[PDB]
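In what follows, every chain begins at residue 1, and chains take the letters A, B, ... in the order their sequences are listed. Reckoned from all heavy atoms, side chains included, excluding hydrogens, waters and symmetry mates. Start at 1 and go down the list; that is how both ligands and their atoms are numbered.
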Amino acid sequence: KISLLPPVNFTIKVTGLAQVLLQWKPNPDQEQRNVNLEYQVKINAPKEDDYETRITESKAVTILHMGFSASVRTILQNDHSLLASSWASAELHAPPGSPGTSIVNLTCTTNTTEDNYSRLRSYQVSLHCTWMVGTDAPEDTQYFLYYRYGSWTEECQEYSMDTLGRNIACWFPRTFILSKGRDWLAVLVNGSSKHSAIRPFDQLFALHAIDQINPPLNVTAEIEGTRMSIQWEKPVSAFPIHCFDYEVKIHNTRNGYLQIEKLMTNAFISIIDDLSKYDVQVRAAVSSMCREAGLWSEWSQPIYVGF
Amino acid sequence: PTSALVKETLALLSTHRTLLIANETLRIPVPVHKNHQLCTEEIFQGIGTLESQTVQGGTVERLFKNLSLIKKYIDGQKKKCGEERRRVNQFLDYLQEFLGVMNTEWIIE
Amino acid sequence: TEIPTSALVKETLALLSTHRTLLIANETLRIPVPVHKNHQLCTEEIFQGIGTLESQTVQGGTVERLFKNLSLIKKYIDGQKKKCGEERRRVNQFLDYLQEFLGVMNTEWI
Ligand SMILES: OC[C@H]1O[C@@H](O)[C@H](O)[C@@H](O)[C@@H]1O
Ligand SMILES: OC[C@H]1O[C@@H](O)[C@H](O)[C@@H](O)[C@@H]1O
Ligand SMILES: OC[C@H]1O[C@@H](O)[C@H](O)[C@@H](O)[C@@H]1O
């Protein structure tokens, strides 16, 4: 019969954009360790979780402008029994600031391009955010944007302002964001002003939700008697050939007749008629088989075949 | 081998989600970082425990089989690491390959 | 554990290129080398071979700093494996991970 006591010196500390570290220490007054104790952590706000852990520290990626709050408890499992202690608790308050002082409607967008130097094919990722100023913001207030990807945090260098000073957009032509990346992008927007505190605002984006896939390039259509050969190239991206879904759209400008084919290869053979001008476009997305569902590209520019 | 497999076992995973995610008391090891490949041993023991926990009626049985073949492939890749002894200059090249990579494309806490 | 900075990794690379000639100097040595390029699967063997170069070479000079660097990269890699299973989470969250894994396995190998 053992009697479990809660962990002690439970603290939360901010270690970077939308990132914290929970720590605690085993209870000095615990029935001596000859049994291995573990911990149960429960995140209470802003976004619920619990999970068990086996050491006395835990990282959590989370939004902070709403304040964060967490609890931890000690547990002991074995043959015939589970036991768990009362909880310790801790929280960070929401940052200081009036309600409408805060940035609103932040959208962020990623896109890939190719380094046309370096002798070796690697790629580059830009980032582009916009937001609006929020209704209570005082006239003199200035907003600043920071981003984080994995261990690298940068502050925005080149903004775009509304017609009286205030930053409303940001652009990074390069970043430390990996293309094929599978981690969260965290964005923070601070502010300041003569006449009071400004509420920060942060959020977490998943890359697949904001990566503006590039259209296919070099779509070619060769019309031969009655068959049309369409062809295109893999979009500019760091996902390999076998990772794309395409939609090919063939449109008869003579009568309206429309054909769209979804497929994973780079070529398509469609039967056609010989008295029409057709326009053909192609669209692209990366396969749910390589990453979670994201966005479709624009359609390539119309090319025309037939008379 | 096993190209065909994965793509199919993904949508299989997708359709059997609500069923799998129904034991809310169950806890499985999940890495805290994204170098997935360092963690296959854990990833596979979690599937094992999931599998012993979930009722073996339906097309779900197929999801597990599939995961077990993927398991086989990975086991084989792993045996290929220590299979073929070679001259030192060879091993050094590997090492420097391994170090470049560890450098350009792993996150680092 | 020590975050192995990318200058350190980078320094080690340089130190490696230097001592190449000293290191090969055992014609009798054979060392397991992986046929495929999924390093993350082979970290075990990588350090095992390092281990045998080490056990053979004389430590001193910048040659010691080499194995000291590798050693410190090895501990880091173990930090990272322990990190594979110190937290148990809801099925929902393990499913997400399994999914990522499969997708990266699909996009990186062949
Ligand atoms: O703790 C690291 C800090 O870096 C600063 O540049 C940012 O302004 C803070 O928001 C951040 O938390
Ligand atoms: O309001 C959140 C509460 O949830 C439970 O985990 C516990 O009863 C408290 O320690 C905690 O503060
Ligand atoms: O000027 C801000 C930036 O806006 C983006 O939409 C464009 O892609 C950049 O080329 C441009 O410099």
Has the side chain of C/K75 got a donor or acceptor atom that lies under 3.5 Å from a matching backbone atom of C/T1? no
Can you list the atoms of ligand 1 that are under 4.0 Å from a heavy atom of A/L188? 10 (O)
Starting from atom 11 (C) of ligand 2, which protein heavy atom do you reach first, and at what distance in Å? A/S71 OG, 3.6 Å
Please answer whether the main-chain N or O of A/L17 pairs with a side-chain N or O of A/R148 as donor and acceptor at a distance below 3.5 Å. yes
Using modelled atom types and a 3.5 Å cut-off, is there a donor and acceptor pairing between side-chain atoms of A/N214 and backbone atoms of A/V236? yes
Starting from atom 1 (O) of ligand 1, find the nearest protein heavy-atom neighbour and note its residue, name and distance. A/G16 CA, 4.7 Å
Might you check, step by step, whether the distance between atom 8 (O) of ligand 3 and some protein heavy atom is under 4.0 Å? yes
Tell me which one of A/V72, A/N44, A/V41 gets a heavy atom nearest to atom 3 (C) of ligand 2. A/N44
Return yes if some donor-acceptor pair links the side-chain N/O of C/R89 with the main-chain N/O of B/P31 below 3.5 Å, else return no. no
Establish, yes or no, whether a centroid distance under 6.0 Å links the rings of A/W131 and A/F201. no
Within the 4.0 Å heavy-atom shell around A/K42, which atoms of ligand 2 are there? 6 (O)
Between A/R121 and A/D115, does any NZ, NE, NH1 or NH2 come within less than 4.0 Å of an OD or OE carboxylate oxygen? yes
Need the ligand 2 atom indices (1-based, order shown) with element for anything under 4.0 Å from a heavy-atom of A/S89. 10 (O), 12 (O)
Nearest non-hydrogen protein atom to atom 12 (O) of ligand 3, with distance, is A/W171 NE1, 3.8 Å
Identify the protein heavy atom lying closest to atom 6 (O) of ligand 1, giving its residue, its atom name and the separation to 0.1 Å. A/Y146 CE2, 4.3 Å
B/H36 vs C/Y97 aromatic rings, parallel, tilted or perpendicular, using cut-offs 30° and 60°? tilted
